[PDB]
């Protein structure tokens, strides 16, 4: 019988355990598992974006838990008047709850849904929260998202910060159940390039391995690092950072003598593996600007794909309220970011080409060469 009794409302964090795919992604291949860490790291990076955190420590513990310590402002501890429990507990236990729904606590933040750490909490067999704030140390333990006692003061400190340690639930995660140093290291290295002046440490207590990421030079250096085992064909990396019409657009790029295209897109320091409106705007401006230059200089027909070949590019945007298609934020679905990136690229790339004639002539040569190889491949196919 299909009737009112058949309709069920999931409460608290039950929806997260029931439908983990829409909150954490794939619970079998390891991507969801490492995403648990990235949610916690993203919250610390948001304190760094806000100007309050200068050191982040990620530790893989020997019992297969992970901790993230930050020296930010600390998760608020006072009783939330509407909810009747510490703000920290609200945050850990309530979906669509947080401090990122306006721009008062974080001007710009990767976080926006009020969901991330509460998902981590929901899918962890245990979670330990330690908060240093207003002279005091606060502690609380959760099991499968259920707080064991209310947040309590345990001592004094001159410091501020948040430490979250979590033990993932094997009732949720299957197959890849251990953390992979290199997966975490890739992301943290990236975050160092994206956050100059923030010390990011990674420690593996299983084997004693550690890294300290504090790169100089931001996304321009990131482009160098990425071309390190390749052969750049021109010496001057194109770079700019602007803030126009409420949107930050930062781009670095350089061509190498290979044939792959590697464009890394980020929104508020969160990578979009599946691209989005920022990537679309970058592509459109690149195609237009190179075409105009080749027309004006009398080198002209090469398409957007020919420009792509040998390209390494980083596109980092800063947006007050971006729009992602999912909690995992693999794709940016914000049309106004396409226009901002496209506009800034069109203006500044055209200027780069004019100020750097040697590089410009090399890049044109490369585009023409890619076009020549494409047409030869096509002729060869047709003839078989």
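Numbering follows the first chain given and starts at 1.
- Among other compared entries that model residues flanking residue 302, a third or more give it no coordinates.
- Coordinates are absent for 4 to 9 residues of the deposited sequence placed between residue 300 and residue 301.
- Across the two stretches, 265 to 273 and 222 to 230, the PDB entry reports the greater mean Cα temperature factor for 222 to 230.
- Relative to its counterpart among 129 to 137 and 204 to 212, 129 to 137 has the higher mean temperature factor, C-alpha atoms as listed in the PDB entry.
- Note on 180, 190, 257, 250: the highest value goes to 257, judged by CA B factor as recorded.
- Of the candidates 110, 116, 99, 78, the deposited coordinates give 78 the top C-alpha B factor.
- Split the chain's modelled residues into thirds by C-alpha temperature factor. Residue 17 is in the lowest one.
- In this PDB entry, the Cα temperature factor of residue 318 sits in the bottom third of its chain's modelled residues, the lowest group.
- Annotation for residue 157: CA B-factor lies in the highest third of the chain's modelled residues.
- The entry lists a Cα temperature factor for residue 53 that places it in the highest third of the chain's modelled residues.
- Per the deposited record, the Cα B-factor of residue 283 falls in the middle third when ranked against the other modelled residues of its chain.
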